[PDB]
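Residue strings, one per chain:
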Amino acid sequence: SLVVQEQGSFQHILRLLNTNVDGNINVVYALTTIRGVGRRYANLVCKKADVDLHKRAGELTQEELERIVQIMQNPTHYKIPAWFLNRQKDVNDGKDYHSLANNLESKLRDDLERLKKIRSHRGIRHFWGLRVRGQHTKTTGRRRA
Amino acid sequence: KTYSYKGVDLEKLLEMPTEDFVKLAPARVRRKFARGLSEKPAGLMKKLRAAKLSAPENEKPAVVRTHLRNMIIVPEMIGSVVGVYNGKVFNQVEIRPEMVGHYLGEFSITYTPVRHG
Amino acid sequence: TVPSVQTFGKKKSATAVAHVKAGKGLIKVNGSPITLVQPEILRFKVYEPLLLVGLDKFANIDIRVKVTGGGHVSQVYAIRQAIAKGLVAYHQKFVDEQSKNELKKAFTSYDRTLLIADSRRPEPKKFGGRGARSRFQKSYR
Amino acid sequence: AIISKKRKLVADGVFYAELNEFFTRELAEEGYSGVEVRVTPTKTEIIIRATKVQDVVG
Amino acid sequence: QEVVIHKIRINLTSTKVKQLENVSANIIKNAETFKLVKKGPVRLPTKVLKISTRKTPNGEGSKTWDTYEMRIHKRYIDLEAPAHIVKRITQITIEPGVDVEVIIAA
Amino acid sequence: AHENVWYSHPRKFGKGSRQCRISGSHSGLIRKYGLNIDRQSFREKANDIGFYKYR
Amino acid sequence: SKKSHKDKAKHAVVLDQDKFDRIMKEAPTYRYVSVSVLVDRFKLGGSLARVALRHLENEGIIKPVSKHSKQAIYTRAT
Amino acid sequence: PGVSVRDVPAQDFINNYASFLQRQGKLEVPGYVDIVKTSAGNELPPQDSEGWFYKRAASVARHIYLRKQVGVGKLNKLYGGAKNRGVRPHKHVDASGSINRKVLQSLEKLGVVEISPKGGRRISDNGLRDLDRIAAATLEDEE
RNA sequence: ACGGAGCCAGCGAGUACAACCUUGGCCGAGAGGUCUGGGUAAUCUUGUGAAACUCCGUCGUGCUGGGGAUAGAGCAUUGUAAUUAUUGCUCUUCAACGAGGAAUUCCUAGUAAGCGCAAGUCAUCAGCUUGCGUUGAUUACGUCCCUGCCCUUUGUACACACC
Ligand SMILES: [Mg+2]
Ligand SMILES: [Mg+2]
Ligand SMILES: [Mg+2]
Ligand SMILES: [Mg+2]
Ligand SMILES: [Mg+2]
Ligand SMILES: [Mg+2]
Ligand SMILES: [Mg+2]
Ligand SMILES: [Mg+2]
Ligand SMILES: [Mg+2]
Ligand SMILES: [Mg+2]
Ligand SMILES: [Mg+2]
Ligand SMILES: [Mg+2]
Ligand SMILES: [Mg+2]
């Protein structure tokens, strides 16, 4: 029911994909703290890696971390469907990827500057910093902060 | 890096049919072209191929004005200069290889930007 | 034929129809025994007639209740009324007057609704108000 | 002719409104009073109550 | 040679009551007069045809609505009855307002 | 008024596909049970139609 | 937003041996036991509060009065 | 004496029947489990990552026993609650259809569910016998 | 809050000179798709197996598994036509928000409030309105203090009448 949990091995800080993550949270919600990974995707990734769902991130072992990391970089290898992926159909090369911590923000930025260069109304709206998805702006977003 | 659209490269992009692009196209374009097409985009295709042919091979082809905003930019369109109706003005737009997938309306801003103060 | 009667009990929009027969002490609601009334915290509410009267009063009496309409607790109160009224009606019809009046004295001295249907029911809504008696906000300026 | 009965009654009412307003437009010079629409198994009798009956007949 | 019973059905409609009930009562009296077996004038839930409408034709004024409605009563009847007398009954005793419909269902 | 262009726009649906049957107007229509009469004319002719104020 | 709370970790997210002897020593002498009562003494995070509270139903260290969800009500074994 | 599923508390019956179906190797789970929301309203997969399908099958079988006969879309209406529609009022959202279809076919393979002439699926004699048997198991398990 | 499991209504509405309500069976993870079958209606959708609610677990005071705005990509539906995202669905970023000043609104019993469903807008779209039902109270059962209303008496240099 309970374990002393082997004092001297329970990690408290981790560095998975060059972002610091506190390990005392539940594994899935600890993984959620990396950009491009949410509760659903982290939950499925932890499920595929066979690591215990109710385990704490600071107590799982090292090769568990590496298997989890490998699973969540080439998802289609591990039977993660074509859907459920972050960036599907990938309009640069047509291969459904999944963007991650630095890759997500970077690639979003390249898509943004493409939309700026393409001179699309959406792109110029993004460049101005106004609302894009076609909602009223007379009464909303009335301060920048 | 050079331009590829969905693994179909720029070189393949210029010489390629509409239907294969539809297979490459997203869901909205897939439905639009699978729903049947009006005669007006076909006439636009014919006029634009004529305009591209007429240009003496070394300068920007003559601008073709058009009211059509609801049709999309197919791979046969790149290399073209079209004036999309804005409500007033057939706003100029040269069709880049990155035009494709979008409509024309995104490049004719129907509203002037608002400046306060 | 078997001495048997049919009574009913209502709540806001709930309705429990109870058939009482000379049985073996068999009390079912919707085909399930009374001990498994769903809200499980108003369960004592539906045992209330049983314990107020005493089970030995109806040990050779069987109870079958079909309850429909209304939400959970409304259904529960409907079963309460159905069981109580069925007991009273059966005792009046086939047992004796004194037993029936004793049951009524035991009942009406506790939660008068046990034999009398509740009269409170929802008030129709009106325009200019999102509630039956409430109203919209006023601007005034 | 198959149609929902409630829609059939609504159509009958709007047809009576049809007839009443049309007769009001036409027989106004006749001192029009009212119209009744009786429906039989075969004939749809339309009784016109008006003042100048003989002129209404023509 | 129409001895074959048509198990025929007579249903009614109206936006009013007294004439509808009168027609049903006359139908039942006719049915009993010639010794016909029947299921009585079974009442149907009066369908309330309701429209809510804003009173003001121009939106100005305090928000005031109204509800107009009719009620339709049906009261269908079916007869395990002979042929000619039934049809004669349907073709007689007709009141404007109440609408009679006949289904052979044989 | 080339027949190809005159009144060529489809009108199978939407606000202007159907009219008032009283006034020919496209605003404030009542489509319930196929009345197709706008609200004000309905208020005018409800009693003739069969509709009454009742509660 | 306004981090004026200035709260610390303040919760044992993982149980340690000395804390195990602590939970066991005042497993009795806590004449009323619940998840909130357990975490009141700074020695349990709150998720393992349920774990330790459920484990104490092993050798009858405490007795249940009601085992409804969303909480628990436990008294010392006498 | 005799006992039917109506004589046993529900939640205990679903739990025990799910446990029994999990213990035996029958009632194959679709390969797409562990990946599915089970409804558009839900926003996470079931907390019990493996074995929840057995519980769903148990509840479905009990439901078909209790009612007259039930199809798939009706189960879609039954399961699934209110979707947190972001910043919009909640509504009712029907559950996933594939999951309940797979449950129904799996119960068909086990013989506990039979195709009904009136449409949908009803209970079968063998499966109903199994249901009352496990109801008795639970009831004498209680005391 | 999130998982499972329990499983409870009442108002409606619904296709013809058009194509509505959709069961059920197969597909898809979902939206959805397809094949059939009912219903011109107490018959079929429908017992509208609705949400809140209940039981058992995960979470544990951390702007956190709250909050879901703003965006990126993709899949579908209605539509002649969806870009200035129609709408639905899948993955991700997850912002402000710590019970809100002056001030001000509604309401005395199945009432307020919470919760949803139906109908009117409707080819597609509600955070709207009109109705309906579920769970269901605290506090009055009084007063003219503020804001006004009714009658009487009085004064007025007011009658476009104390603006
Ligand atoms: Mg209310
Ligand atoms: Mg549920
Ligand atoms: Mg919420
Ligand atoms: Mg819940
Ligand atoms: Mg109902
Ligand atoms: Mg439900
Ligand atoms: Mg958060
Ligand atoms: Mg949340
Ligand atoms: Mg709420
Ligand atoms: Mg409006
Ligand atoms: Mg008062
Ligand atoms: Mg003067
Ligand atoms: Mg002054």
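Deposited coordinates in this entry are attributed by the record to cryo-EM, at a stated resolution of 3.35 Å.

Looking at the PDB entry, one finds chain H named KLLA0A07194p, with Kluyveromyces lactis NRRL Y-1140 as its source organism. The header of this PDB entry states its title as "Structure of a yeast 48S-AUC preinitiation complex in closed conformation".

Under the PDB entry, chain E has the name Small ribosomal subunit protein uS10 and belongs to Kluyveromyces lactis NRRL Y-1140. Under the Sequence similarities (unreviewed entry) heading, UniProt states for chain E: "Belongs to the universal ribosomal protein uS10 family."

Our focus in this paragraph is the overall build of chain E. Assigned secondary structure in chain E consists of two helices and six strands. Mapped from its N terminus to its C terminus, chain E presents α and β elements in the order β-α-β-β-β-β-α-β. For 106 residues, the compact-globule estimate of 2.2 N^0.38 gives 13 Å, and the C-alpha radius of gyration of chain E, at 19 Å, exceeds that figure by more than 25%. In terms of overall dimensions, chain E has C-alpha extents of about 70 × 25 × 20 Å along its principal axes. Counting every position in chain E, which comprises 106 residues, the buried fraction comes to 35%. In chain E, of all internal contacts separated by at least 6 residues, the share reaching a separation of at least 24 is 74%. When the accessible surface of chain E is summed, it comes to about 6200 Å², and 56% of that surface belongs to carbon and sulfur atoms. Separation of charge centres in chain E, based on 19 positive and 11 negative side chains, amounts to 4 Å.

A count of helices and strands for chain H gives five helices and four strands. Starting at the N terminus and ending at the C terminus, chain H contains elements arranged as α-α-α-β-β-α-β-β-α. In terms of overall dimensions, chain H is globule-like: its C-alpha atoms have a radius of gyration of 16 Å, near the 15 Å expected for 143 residues. In terms of its C-alpha atoms, chain H occupies a principal-axis envelope of roughly 55 × 35 × 30 Å. Scored against the burial criterion, the 143 residues of chain H give a buried share of 42%. For chain H, the computed accessible surface area is about 7900 Å², with 50% contributed by carbon and sulfur atoms. Counting 23 positive and 17 negative side-chain charges, chain H places the centres of these two groups 12 Å from one another.

The subject of this paragraph is the UniProt feature "binding site: Mg(2+) 2" (unreviewed entry) in chain H. Within this structure's numbering, the places UniProt gives as "binding site: Mg(2+) 2" (unreviewed entry) are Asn84(H). Within the secondary structure layout, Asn84(H) lies in the loop between β1 (82-83) and β2 (91-92).

This brings us to the interface of chain E and chain F. Counting residues at the interface gives 15 residues for chain E and 14 residues for chain F. When the buried surface of chain E facing chain F is broken down by residue, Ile51(E), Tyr68(E) and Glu69(E) rank first, second and third, together holding 40% of it. The tally of links between chain E and chain F comes to two salt bridges. Here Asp66(E) and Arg43(F) are joined by a salt bridge, their closest N and O atoms 2.8 Å apart. Our count for the contact surface shared by chain E and chain F stands at nine residue pairs in polar contact. Elements represented by at least two residues in the side of chain E that touches chain F include exactly β3 (47-54) and β4 (65-72) of chain E. In terms of residue count, β4(E) provides more of the side of chain E that touches chain F than any other element does, six residues in total.

Further remarks concern the environment of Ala22(C). Tracing the backbone through its elements, the reader meets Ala22(C) in the loop between β2 (15-21) and β3 (26-29). Among all residues touching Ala22(C), those that are not within four sequence positions of it are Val2(C), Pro3(C), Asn60(C), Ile61(C), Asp62(C) and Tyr90(C).

Parameters at a glance
- Residues numbered from 1 in each chain as written, not as in the entry; some residues may be left out.
- Chains lettered and ligands numbered in written order.
- Part of a larger assembly, values for the part shown.
- Heavy atoms only, no water.
- Residues with missing side-chain atoms left out of burial classes, pairs and counts.
- UniProt positions renumbered as here; feature names shortened; annotations may be inferred.
- Helix = DSSP H or I, 4+ residues; strand = E, 2+ residues; numbered from the N terminus.
- Rg over C-alpha atoms; globule rule 2.2 N^0.38 Å.
- Buried < 20%, exposed > 50% of the residue type's maximum accessible area, 1.4 Å probe, protein only.
- Contact = heavy atoms within 4.5 Å.
- Areas by Shrake-Rupley, 256 points an atom, 1.4 Å probe, with all protein chains shown as cover.
- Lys, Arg positive; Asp, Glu negative; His and termini not counted.
- Charge placed at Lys NZ, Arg CZ, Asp CG, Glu CD.
- Buried area = accessible area lost by both parts, 1.4 Å probe.
- Salt bridge = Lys/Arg side-chain N within 4 Å of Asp/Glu carboxyl O.
- Polar contact = N/O pair within 3.5 Å; in protein donor to acceptor, adjacent residues only side chain to side chain.

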